[PDB]
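Engineer: For reference, this is input.pdb, and it has PDB, C-alpha atoms.
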```pdb
ATOM      1  CA  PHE A   1       0.000   0.000   0.000
ATOM      2  CA  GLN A   2       1.238   3.499  -0.848
ATOM      3  CA  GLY A   3      -1.375   5.801   0.647
ATOM      4  CA  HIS A   4      -1.226   9.222  -1.010
ATOM      5  CA  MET A   5       0.857  11.374   1.313
ATOM      6  CA  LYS A   6       4.510  12.309   0.962
ATOM      7  CA  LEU A   7       7.101  11.710   3.675
ATOM      8  CA  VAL A   8      10.094  13.906   4.486
ATOM      9  CA  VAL A   9      12.862  12.015   6.296
ATOM     10  CA  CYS A  10      15.751  13.535   8.253
ATOM     11  CA  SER A  11      18.483  12.478  10.677
ATOM     12  CA  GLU A  12      18.428  13.573  14.320
ATOM     13  CA  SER A  13      22.160  14.321  14.152
ATOM     14  CA  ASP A  14      22.083  16.229  10.843
ATOM     15  CA  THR A  15      22.132  20.005  11.329
ATOM     16  CA  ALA A  16      20.897  20.689   7.788
ATOM     17  CA  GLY A  17      18.172  18.076   8.075
ATOM     18  CA  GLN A  18      17.068  19.500  11.423
ATOM     19  CA  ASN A  19      16.826  23.095  10.198
ATOM     20  CA  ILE A  20      14.851  21.940   7.166
ATOM     21  CA  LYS A  21      12.612  20.017   9.552
ATOM     22  CA  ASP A  22      12.015  23.037  11.792
ATOM     23  CA  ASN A  23      10.874  25.072   8.783
ATOM     24  CA  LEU A  24       8.643  22.284   7.440
ATOM     25  CA  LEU A  25       6.983  22.110  10.868
ATOM     26  CA  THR A  26       5.560  25.627  10.508
ATOM     27  CA  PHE A  27       3.867  24.829   7.192
ATOM     28  CA  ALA A  28       1.075  22.817   8.813
ATOM     29  CA  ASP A  29      -0.503  21.743  12.101
ATOM     30  CA  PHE A  30       1.683  18.832  13.179
ATOM     31  CA  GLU A  31       1.352  16.339  16.020
ATOM     32  CA  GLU A  32       4.466  14.478  17.147
ATOM     33  CA  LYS A  33       4.375  10.764  17.931
ATOM     34  CA  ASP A  34       7.263   8.538  18.957
ATOM     35  CA  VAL A  35       6.787   5.003  17.663
ATOM     36  CA  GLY A  36       9.533   2.424  17.372
ATOM     37  CA  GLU A  37      12.914   3.998  16.674
ATOM     38  CA  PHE A  38      11.374   7.079  15.042
ATOM     39  CA  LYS A  39       9.878  10.456  15.871
ATOM     40  CA  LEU A  40       6.921  11.015  13.555
ATOM     41  CA  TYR A  41       5.228  14.346  12.887
ATOM     42  CA  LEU A  42       1.755  14.063  11.387
ATOM     43  CA  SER A  43      -0.550  16.506   9.625
ATOM     44  CA  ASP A  44      -3.170  16.348   6.874
ATOM     45  CA  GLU A  45      -0.719  17.916   4.419
ATOM     46  CA  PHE A  46       2.424  15.781   4.576
ATOM     47  CA  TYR A  47       4.477  13.659   6.990
ATOM     48  CA  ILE A  48       7.897  14.066   8.605
ATOM     49  CA  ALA A  49       9.987  11.303  10.160
ATOM     50  CA  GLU A  50      13.091  11.641  12.294
ATOM     51  CA  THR A  51      15.541   8.768  12.731
ATOM     52  CA  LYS A  52      18.798   8.402  14.654
ATOM     53  CA  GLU A  53      20.279   6.457  11.754
ATOM     54  CA  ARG A  54      22.777   7.959   9.333
ATOM     55  CA  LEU A  55      20.729   8.258   6.119
ATOM     56  CA  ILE A  56      23.334   6.787   3.743
ATOM     57  CA  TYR A  57      23.184   3.564   5.774
ATOM     58  CA  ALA A  58      19.391   3.658   6.131
ATOM     59  CA  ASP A  59      18.782   0.664   3.832
ATOM     60  CA  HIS A  60      15.165  -0.578   4.090
ATOM     61  CA  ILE A  61      14.132   2.428   6.168
ATOM     62  CA  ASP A  62      11.055   2.832   3.960
ATOM     63  CA  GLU A  63       9.841  -0.636   4.986
ATOM     64  CA  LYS A  64      10.442   0.209   8.649
ATOM     65  CA  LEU A  65       8.515   3.480   8.494
ATOM     66  CA  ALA A  66       5.686   1.941   6.449
ATOM     67  CA  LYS A  67       4.706  -0.042   9.533
ATOM     68  CA  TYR A  68       3.396   3.124  11.176
ATOM     69  CA  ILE A  69       2.236   5.257   8.232
ATOM     70  CA  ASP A  70       1.302   5.114   4.557
ATOM     71  CA  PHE A  71       3.274   7.264   2.127
ATOM     72  CA  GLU A  72       3.827   7.224  -1.643
ATOM     73  CA  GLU A  73       7.358   8.605  -1.602
ATOM     74  CA  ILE A  74      10.221   9.902   0.507
ATOM     75  CA  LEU A  75      12.044  13.215   0.321
ATOM     76  CA  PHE A  76      15.273  12.773   2.293
ATOM     77  CA  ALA A  77      16.398  16.089   3.775
ATOM     78  CA  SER A  78      20.114  16.122   4.495
ATOM     79  CA  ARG A  79      23.359  18.037   4.411
ATOM     80  CA  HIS A  80      25.860  17.634   1.580
ATOM     81  CA  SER A  81      29.549  17.392   2.453
ATOM     82  CA  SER A  82      32.169  18.276  -0.155
ATOM     83  CA  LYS A  83      35.839  19.228  -0.182
ATOM     84  CA  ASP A  84      35.125  21.974  -2.719
ATOM     85  CA  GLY A  85      33.412  23.930   0.044
ATOM     86  CA  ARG A  86      31.007  25.449  -2.490
ATOM     87  CA  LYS A  87      27.633  26.783  -1.338
ATOM     88  CA  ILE A  88      25.089  24.625  -3.139
ATOM     89  CA  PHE A  89      21.606  23.135  -3.123
ATOM     90  CA  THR A  90      21.660  19.617  -4.566
ATOM     91  CA  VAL A  91      19.366  16.822  -5.678
ATOM     92  CA  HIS A  92      20.230  13.189  -6.356
ATOM     93  CA  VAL A  93      18.927   9.661  -5.941
ATOM     94  CA  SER A  94      20.948   7.139  -3.939
ATOM     95  CA  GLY A  95      22.408   3.990  -5.473
ATOM     96  CA  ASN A  96      25.738   2.321  -6.252
ATOM     97  CA  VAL A  97      27.416   1.063  -9.380
ATOM     98  CA  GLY A  98      30.762  -0.711  -8.907
ATOM     99  CA  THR A  99      31.556   0.352  -5.332
ATOM    100  CA  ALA A 100      29.583   0.824  -2.111
ATOM    101  CA  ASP A 101      31.997   2.781   0.091
ATOM    102  CA  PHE A 102      29.332   4.958   1.660
ATOM    103  CA  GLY A 103      26.230   2.905   2.292
ATOM    104  CA  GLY A 104      24.062   0.392   0.500
ATOM    105  CA  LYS A 105      25.021  -2.562  -1.677
ATOM    106  CA  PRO A 106      27.025  -2.793  -4.922
ATOM    107  CA  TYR A 107      25.112  -2.517  -8.206
ATOM    108  CA  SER A 108      21.907  -1.662  -6.346
ATOM    109  CA  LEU A 109      19.745   1.396  -7.027
ATOM    110  CA  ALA A 110      17.069   3.153  -4.986
ATOM    111  CA  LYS A 111      13.706   3.872  -6.602
ATOM    112  CA  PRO A 112      13.818   7.484  -7.889
ATOM    113  CA  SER A 113      11.009  10.066  -7.773
ATOM    114  CA  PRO A 114      11.590  11.952 -11.092
ATOM    115  CA  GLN A 115       8.430  14.061 -11.041
ATOM    116  CA  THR A 116       8.843  15.421  -7.518
ATOM    117  CA  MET A 117      12.554  15.990  -8.033
ATOM    118  CA  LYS A 118      11.614  18.113 -11.066
ATOM    119  CA  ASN A 119       8.887  20.094  -9.317
ATOM    120  CA  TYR A 120      11.276  20.698  -6.438
ATOM    121  CA  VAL A 121      13.994  22.039  -8.734
ATOM    122  CA  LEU A 122      11.654  24.418 -10.556
ATOM    123  CA  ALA A 123      10.259  25.667  -7.227
ATOM    124  CA  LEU A 124      13.832  26.194  -6.031
ATOM    125  CA  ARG A 125      14.869  27.997  -9.216
ATOM    126  CA  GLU A 126      12.043  30.455  -8.546
ATOM    127  CA  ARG A 127      13.615  31.333  -5.172
ATOM    128  CA  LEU A 128      17.350  30.982  -5.875
ATOM    129  CA  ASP A 129      17.899  34.750  -6.030
ATOM    130  CA  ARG A 130      17.056  34.997  -2.326
ATOM    131  CA  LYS A 131      20.432  33.350  -1.661
ATOM    132  CA  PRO A 132      22.666  34.837  -4.415
ATOM    133  CA  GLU A 133      25.809  33.218  -2.991
ATOM    134  CA  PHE A 134      24.249  29.785  -3.550
ATOM    135  CA  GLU A 135      24.079  27.765  -6.737
ATOM    136  CA  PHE A 136      21.912  24.797  -7.675
ATOM    137  CA  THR A 137      23.283  21.587  -9.112
ATOM    138  CA  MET A 138      22.273  17.995  -9.630
ATOM    139  CA  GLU A 139      24.501  15.261  -8.238
ATOM    140  CA  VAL A 140      24.898  11.980 -10.090
ATOM    141  CA  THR A 141      23.549   8.809  -8.492
ATOM    142  CA  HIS A 142      25.875   7.754  -5.672
ATOM    143  CA  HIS A 143      26.112   6.564  -2.064
ATOM    144  CA  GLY A 144      23.566   4.668  -0.009
ATOM    145  CA  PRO A 145      20.901   3.906   0.868
ATOM    146  CA  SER A 146      20.420   1.586  -2.109
ATOM    147  CA  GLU A 147      17.687  -0.592  -0.635
ATOM    148  CA  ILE A 148      14.713   1.767  -0.953
ATOM    149  CA  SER A 149      11.635   0.599  -2.882
ATOM    150  CA  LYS A 150       9.467   3.662  -2.372
ATOM    151  CA  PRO A 151      10.188   6.484  -4.834
ATOM    152  CA  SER A 152      12.773   8.804  -3.292
ATOM    153  CA  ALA A 153      15.501  11.411  -3.642
ATOM    154  CA  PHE A 154      17.882  13.461  -1.503
ATOM    155  CA  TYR A 155      17.396  17.224  -1.174
ATOM    156  CA  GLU A 156      20.485  18.773   0.377
ATOM    157  CA  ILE A 157      22.414  21.898   1.327
ATOM    158  CA  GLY A 158      26.095  22.215   1.140
ATOM    159  CA  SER A 159      29.057  21.798   1.353
ATOM    160  CA  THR A 160      30.292  22.560   4.869
ATOM    161  CA  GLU A 161      29.029  23.293   8.378
ATOM    162  CA  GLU A 162      28.745  26.959   7.419
ATOM    163  CA  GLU A 163      25.986  26.058   4.976
ATOM    164  CA  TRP A 164      24.433  23.294   7.085
ATOM    165  CA  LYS A 165      23.725  25.802   9.856
ATOM    166  CA  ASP A 166      22.365  28.365   7.382
ATOM    167  CA  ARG A 167      18.814  29.003   8.615
ATOM    168  CA  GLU A 168      17.579  30.742   5.473
ATOM    169  CA  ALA A 169      19.099  28.159   3.144
ATOM    170  CA  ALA A 170      17.069  25.519   4.999
ATOM    171  CA  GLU A 171      13.984  27.733   4.810
ATOM    172  CA  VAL A 172      14.361  28.061   1.036
ATOM    173  CA  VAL A 173      14.698  24.286   0.691
ATOM    174  CA  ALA A 174      11.653  23.746   2.909
ATOM    175  CA  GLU A 175       9.552  26.087   0.767
ATOM    176  CA  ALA A 176      10.673  24.385  -2.434
ATOM    177  CA  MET A 177       9.797  21.022  -0.881
ATOM    178  CA  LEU A 178       6.318  22.203   0.081
ATOM    179  CA  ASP A 179       5.742  23.370  -3.506
ATOM    180  CA  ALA A 180       6.969  20.016  -4.808
ATOM    181  CA  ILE A 181       4.691  18.160  -2.402
ATOM    182  CA  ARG A 182       1.638  20.127  -3.576
ATOM    183  CA  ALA A 183       2.572  20.092  -7.290
ATOM    184  CA  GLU A 184       0.131  18.546  -9.736
ATOM    185  CA  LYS A 185       2.231  18.255 -12.902
ATOM    186  CA  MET A 186       3.523  14.668 -12.977
ATOM    187  CA  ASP A 187       4.066  14.175 -16.710
ATOM    188  CA  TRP A 188       7.586  15.492 -17.218
ATOM    189  CA  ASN A 189       9.641  13.435 -19.693
ATOM    190  CA  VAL A 190      11.810  11.021 -17.687
ATOM    191  CA  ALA A 191      15.348  10.000 -18.557
ATOM    192  CA  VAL A 192      18.301   8.153 -17.108
ATOM    193  CA  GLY A 193      21.464  10.138 -17.770
ATOM    194  CA  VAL A 194      24.851   8.742 -18.729
ATOM    195  CA  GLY A 195      28.047  10.775 -18.702
ATOM    196  CA  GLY A 196      29.452  13.882 -17.063
ATOM    197  CA  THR A 197      31.352  14.845 -13.926
ATOM    198  CA  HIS A 198      29.912  14.241 -10.431
ATOM    199  CA  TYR A 199      27.825  17.433 -10.541
ATOM    200  CA  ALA A 200      26.244  16.521 -13.903
ATOM    201  CA  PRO A 201      26.486  19.947 -15.652
ATOM    202  CA  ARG A 202      24.415  19.019 -18.714
ATOM    203  CA  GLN A 203      21.736  17.286 -16.635
ATOM    204  CA  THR A 204      21.575  20.283 -14.287
ATOM    205  CA  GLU A 205      20.883  22.636 -17.216
ATOM    206  CA  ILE A 206      18.279  20.187 -18.512
ATOM    207  CA  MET A 207      16.594  20.093 -15.076
ATOM    208  CA  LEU A 208      16.431  23.892 -14.905
ATOM    209  CA  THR A 209      15.340  24.727 -18.464
ATOM    210  CA  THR A 210      13.592  21.817 -20.200
ATOM    211  CA  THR A 211      10.556  19.538 -19.881
ATOM    212  CA  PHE A 212      12.882  16.688 -18.912
ATOM    213  CA  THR A 213      13.626  15.252 -15.504
ATOM    214  CA  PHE A 214      15.933  12.434 -14.435
ATOM    215  CA  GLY A 215      15.678   9.316 -12.344
ATOM    216  CA  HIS A 216      19.250   8.060 -12.126
ATOM    217  CA  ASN A 217      22.422   9.606 -13.544
ATOM    218  CA  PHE A 218      25.791   7.918 -13.953
ATOM    219  CA  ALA A 219      29.074   9.835 -13.932
ATOM    220  CA  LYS A 220      31.972   9.160 -16.267
ATOM    221  CA  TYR A 221      33.824   7.455 -13.395
ATOM    222  CA  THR A 222      31.225   4.661 -13.535
ATOM    223  CA  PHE A 223      31.623   3.858 -17.269
ATOM    224  CA  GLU A 224      33.901   0.822 -16.844
ATOM    225  CA  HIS A 225      31.540  -0.789 -14.341
ATOM    226  CA  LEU A 226      28.270  -0.160 -16.173
ATOM    227  CA  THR A 227      26.636  -3.000 -18.099
ATOM    228  CA  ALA A 228      23.747  -2.940 -20.553
ATOM    229  CA  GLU A 229      21.646  -4.897 -18.041
ATOM    230  CA  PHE A 230      22.410  -2.502 -15.198
ATOM    231  CA  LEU A 231      21.297   0.403 -17.394
ATOM    232  CA  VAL A 232      18.072  -1.450 -18.219
ATOM    233  CA  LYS A 233      17.440  -1.850 -14.487
ATOM    234  CA  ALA A 234      17.987   1.884 -13.977
ATOM    235  CA  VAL A 235      15.635   2.818 -16.821
ATOM    236  CA  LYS A 236      12.835   0.515 -15.664
ATOM    237  CA  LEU A 237      13.295   1.594 -12.049
ATOM    238  CA  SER A 238      13.180   5.263 -13.081
ATOM    239  CA  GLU A 239      10.161   4.613 -15.328
ATOM    240  CA  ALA A 240      12.202   6.425 -17.969
ATOM    241  CA  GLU A 241      11.305   6.565 -21.646
ATOM    242  CA  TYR A 242      14.725   7.939 -22.598
ATOM    243  CA  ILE A 243      18.457   7.776 -21.973
ATOM    244  CA  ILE A 244      20.236  11.114 -22.355
ATOM    245  CA  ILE A 245      23.978  11.108 -22.994
ATOM    246  CA  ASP A 246      26.538  13.821 -22.323
ATOM    247  CA  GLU A 247      27.953  13.578 -25.853
ATOM    248  CA  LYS A 248      31.202  15.209 -24.731
ATOM    249  CA  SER A 249      31.655  12.763 -21.853
ATOM    250  CA  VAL A 250      30.585   9.369 -23.211
ATOM    251  CA  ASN A 251      33.039   7.309 -25.257
ATOM    252  CA  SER A 252      32.215   4.779 -27.974
ATOM    253  CA  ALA A 253      32.515   1.954 -25.443
ATOM    254  CA  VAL A 254      29.822   3.299 -23.132
ATOM    255  CA  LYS A 255      27.682   4.419 -26.083
ATOM    256  CA  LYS A 256      27.556   0.769 -27.115
ATOM    257  CA  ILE A 257      26.059  -0.412 -23.830
ATOM    258  CA  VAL A 258      23.768   2.622 -23.800
ATOM    259  CA  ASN A 259      22.410   1.651 -27.225
ATOM    260  CA  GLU A 260      22.164  -1.965 -26.078
ATOM    261  CA  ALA A 261      20.135  -0.892 -23.034
ATOM    262  CA  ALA A 262      17.950   1.436 -25.091
ATOM    263  CA  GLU A 263      17.046  -1.411 -27.461
ATOM    264  CA  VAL A 264      16.310  -3.945 -24.718
ATOM    265  CA  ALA A 265      14.192  -1.511 -22.696
ATOM    266  CA  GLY A 266      12.563   0.021 -25.764
ATOM    267  CA  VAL A 267      13.554   3.598 -25.006
ATOM    268  CA  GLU A 268      15.061   6.387 -27.113
ATOM    269  CA  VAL A 269      18.608   7.753 -26.813
ATOM    270  CA  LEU A 270      19.020  11.547 -27.036
ATOM    271  CA  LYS A 271      22.089  13.808 -26.992
ATOM    272  CA  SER A 272      22.027  16.459 -24.237
ATOM    273  CA  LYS A 273      22.399  19.298 -26.746
ATOM    274  CA  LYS A 274      19.315  18.129 -28.645
ATOM    275  CA  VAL A 275      17.317  17.924 -25.405
ATOM    276  CA  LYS A 276      18.331  21.444 -24.364
ATOM    277  CA  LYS A 277      17.331  22.727 -27.806
ATOM    278  CA  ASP A 278      14.091  20.890 -28.615
ATOM    279  CA  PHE A 279      12.567  20.681 -25.122
ATOM    280  CA  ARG A 280      12.821  24.168 -23.588
ATOM    281  CA  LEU A 281      10.387  25.500 -21.092
ATOM    282  CA  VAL A 282       8.811  28.708 -21.274
TER     283      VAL A 282
END
```
Could you take the file, read its structure, and then write that structure out as structure tokens?

Structural biologist:
Amino acid sequence: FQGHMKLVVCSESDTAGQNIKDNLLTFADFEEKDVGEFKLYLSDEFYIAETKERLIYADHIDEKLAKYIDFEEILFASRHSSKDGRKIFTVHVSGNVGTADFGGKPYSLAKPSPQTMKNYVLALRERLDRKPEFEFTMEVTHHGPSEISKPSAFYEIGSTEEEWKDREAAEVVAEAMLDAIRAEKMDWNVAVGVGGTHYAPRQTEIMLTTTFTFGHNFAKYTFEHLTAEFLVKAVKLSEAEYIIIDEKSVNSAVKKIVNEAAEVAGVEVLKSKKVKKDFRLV
């Protein structure tokens, strides 16, 4: 059973997650309840769940929470840590290709939530100028938890403690989440992306300016470990009808498995430049 409400999940020890939570709590009349290992906040709008577990290791947490409440998807609210120290708002779906160094299992992918991710990004774009020093960017699929069956995605703030403690940054994310949760448009074109650096530049531009959204995205560092069958799993899991390639990143070797996957799954392959040109929004 999936119910019809959306669930925001955060970690008790995550500063960013907590600030996002505090802001989300003012958007509706909530009632806290402590069941099992969680702290649940209920309302007739959306749900919020607090766990003491580190999110990247929260495999099967959707099954655990589903014992107490019904929800159709999860929006993980968390901080983003990076050595670049850049101030950014990011979105990505968890999952691993060849290595599972930070949660989950190898070659396992979490169920994405392409529509909500898209609505969130457009709602964020609308407010980005409130925090001029911040920039938005997608993150390729990486890190745990990989064992999540309910549609999901991670909505984060980074890259250091300076940003995690940023009250307004968390408030902007919370507002974008509320807009995503209430959004009715659920027919954005869905694709799995292949190619690019860890911050998926092409995919980020596509998310901000076209009618396309993404489920999973695989960075160039994953090329050697990708297989045609793994890509088919990603496409079907994402409910994608397309595979978009970063034509400047993909090599002939990876293009072969991409084409293989496209044929087996019955989806169309499109170059990122063509997507940006023929699928603009306004």

Engineer: Could you jot down the atom CA of residue 143 of chain A to atom CA of residue 102 of chain A separation for me, Å, one decimal place?

Structural biologist: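 So the two atoms, atom CA of residue 143 of chain A and atom CA of residue 102 of chain A, lie 5.2 Å apart.
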
Engineer: Suppose a student applies the PyMOL selection byres ((chain A and resi 26-37) around 12) to this structure; what residues should they get, written as JSON, numbers by chain?

Structural biologist: {"A": [11, 12, 19, 20, 21, 22, 23, 24, 25, 38, 39, 40, 41, 42, 43, 44, 45, 46, 47, 48, 49, 50, 51, 52, 53, 61, 64, 65, 66, 67, 68, 69, 171, 174, 175, 176, 177, 178, 179, 181, 182]}

Engineer: Name the residues in contact with residue 77 of chain A at a cut-off of 9 Å, using only C-alpha atoms, excluding same-chain residues fewer than 5 positions from it; report them as JSON, numbers by chain.

Structural biologist: {"A": [8, 9, 10, 11, 16, 17, 18, 20, 21, 153, 154, 155, 156, 157, 173]}

Engineer: Report the residues retrieved by the PyMOL selection byres ((chain A and resi 217-226) around 7) from the displayed file, expressed as an mmCIF file with C-alpha atoms, in the frame of the given file.

Structural biologist:
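Done, and the output landed in expr.cif:
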```
data_model
loop_
_atom_site.group_PDB
_atom_site.id
_atom_site.type_symbol
_atom_site.label_atom_id
_atom_site.label_comp_id
_atom_site.auth_asym_id
_atom_site.auth_seq_id
_atom_site.Cartn_x
_atom_site.Cartn_y
_atom_site.Cartn_z
ATOM 1 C CA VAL A 97 27.416 1.063 -9.380
ATOM 2 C CA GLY A 98 30.762 -0.711 -8.907
ATOM 3 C CA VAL A 140 24.898 11.980 -10.090
ATOM 4 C CA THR A 141 23.549 8.809 -8.492
ATOM 5 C CA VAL A 192 18.301 8.153 -17.108
ATOM 6 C CA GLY A 193 21.464 10.138 -17.770
ATOM 7 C CA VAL A 194 24.851 8.742 -18.729
ATOM 8 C CA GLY A 195 28.047 10.775 -18.702
ATOM 9 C CA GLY A 196 29.452 13.882 -17.063
ATOM 10 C CA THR A 197 31.352 14.845 -13.926
ATOM 11 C CA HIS A 198 29.912 14.241 -10.431
ATOM 12 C CA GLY A 215 15.678 9.316 -12.344
ATOM 13 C CA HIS A 216 19.250 8.060 -12.126
ATOM 14 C CA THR A 227 26.636 -3.000 -18.099
ATOM 15 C CA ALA A 228 23.747 -2.940 -20.553
ATOM 16 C CA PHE A 230 22.410 -2.502 -15.198
ATOM 17 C CA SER A 249 31.655 12.763 -21.853
ATOM 18 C CA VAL A 254 29.822 3.299 -23.132
#
```

Engineer: Just checking: using all atoms listed in the file, which residue out of A:269, A:235, A:124, A:110 ends up closest to residue 144 of chain A?

Structural biologist: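 So, comparing all the options, the nearest one is A:110.
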
Engineer: With the PyMOL selection byres ((chain A and resi 70-74) around 7) as the selection, what would be picked from this file? Answer as a JSON list (two decimals) with C-alpha atoms, in the frame of the given file, please.

Structural biologist:
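Once written, expr.json looks like this:
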```
[["chain", "number", "residue", "atom", "x", "y", "z"],
["A", 1, "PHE", "CA", 0.00, 0.00, 0.00],
["A", 2, "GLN", "CA", 1.24, 3.50, -0.85],
["A", 3, "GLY", "CA", -1.38, 5.80, 0.65],
["A", 4, "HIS", "CA", -1.23, 9.22, -1.01],
["A", 5, "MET", "CA", 0.86, 11.37, 1.31],
["A", 6, "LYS", "CA", 4.51, 12.31, 0.96],
["A", 7, "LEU", "CA", 7.10, 11.71, 3.68],
["A", 8, "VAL", "CA", 10.09, 13.91, 4.49],
["A", 9, "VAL", "CA", 12.86, 12.02, 6.30],
["A", 66, "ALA", "CA", 5.69, 1.94, 6.45],
["A", 69, "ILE", "CA", 2.24, 5.26, 8.23],
["A", 75, "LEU", "CA", 12.04, 13.22, 0.32],
["A", 76, "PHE", "CA", 15.27, 12.77, 2.29],
["A", 150, "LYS", "CA", 9.47, 3.66, -2.37],
["A", 151, "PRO", "CA", 10.19, 6.48, -4.83],
["A", 152, "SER", "CA", 12.77, 8.80, -3.29],
["A", 153, "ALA", "CA", 15.50, 11.41, -3.64]]
```

Engineer: Counting only C-alpha atoms, figure out which residue out of A:170, A:122, A:281, A:138 gets nearest to residue 78 of chain A.

Structural biologist: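 Nearest to residue 78 of chain A: A:170.
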
Engineer: With only C-alpha atoms as the atoms that count, which of A:58, A:169, A:237, A:128 lies nearest to residue 79 of chain A?

Structural biologist: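 When distances to residue 79 of chain A are compared using only C-alpha atoms, the smallest one comes from A:169.
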
Engineer: Mind pulling up the distance from atom CA of residue 207 of chain A to atom CA of residue 252 of chain A?

Structural biologist: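 A separation of 25.4 Å between them.
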
Engineer: Would you please work out which residue, of A:264, A:186, A:244, A:234, is nearest to residue 119 of chain A when using only C-alpha atoms?

Structural biologist: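 Answer, going by the shortest atom-to-atom distance: A:186.
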
Engineer: Enumerate, in order of chain and increasing residue number, the residues of segment 149-232 of chain A with an atom no farther than 12 Å from segment 270-276 of chain A, each with its shortest atom pair and distance in Å to one decimal, counting only C-alpha atoms, as a Markdown table.

Structural biologist:
```
| residue | atom | partner | partner_atom | distance |
| --- | --- | --- | --- | --- |
| A:189 | CA | A:275 | CA | 10.6 |
| A:190 | CA | A:275 | CA | 11.7 |
| A:191 | CA | A:270 | CA | 9.4 |
| A:192 | CA | A:270 | CA | 10.5 |
| A:193 | CA | A:272 | CA | 9.1 |
| A:194 | CA | A:272 | CA | 9.9 |
| A:195 | CA | A:272 | CA | 10.0 |
| A:196 | CA | A:272 | CA | 10.6 |
| A:200 | CA | A:272 | CA | 11.2 |
| A:201 | CA | A:272 | CA | 10.3 |
| A:202 | CA | A:272 | CA | 6.5 |
| A:203 | CA | A:272 | CA | 7.7 |
| A:204 | CA | A:276 | CA | 10.6 |
| A:205 | CA | A:276 | CA | 7.7 |
| A:206 | CA | A:276 | CA | 6.0 |
| A:207 | CA | A:276 | CA | 9.5 |
| A:208 | CA | A:276 | CA | 10.0 |
| A:209 | CA | A:276 | CA | 7.4 |
| A:210 | CA | A:276 | CA | 6.3 |
| A:211 | CA | A:275 | CA | 8.9 |
| A:212 | CA | A:275 | CA | 8.0 |
| A:213 | CA | A:275 | CA | 10.9 |
```

Engineer: Can you work out which one of A:185, A:126, A:81, A:238 has the shortest atom-to-atom distance to residue 112 of chain A, counting only C-alpha atoms?

Structural biologist: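 That would be A:238, the residue with the smallest distance to residue 112 of chain A.
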
Engineer: With distances taken over only C-alpha atoms, which of A:86, A:180, A:148, A:248 is nearest to residue 161 of chain A?

Structural biologist: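 Closest candidate: A:86.
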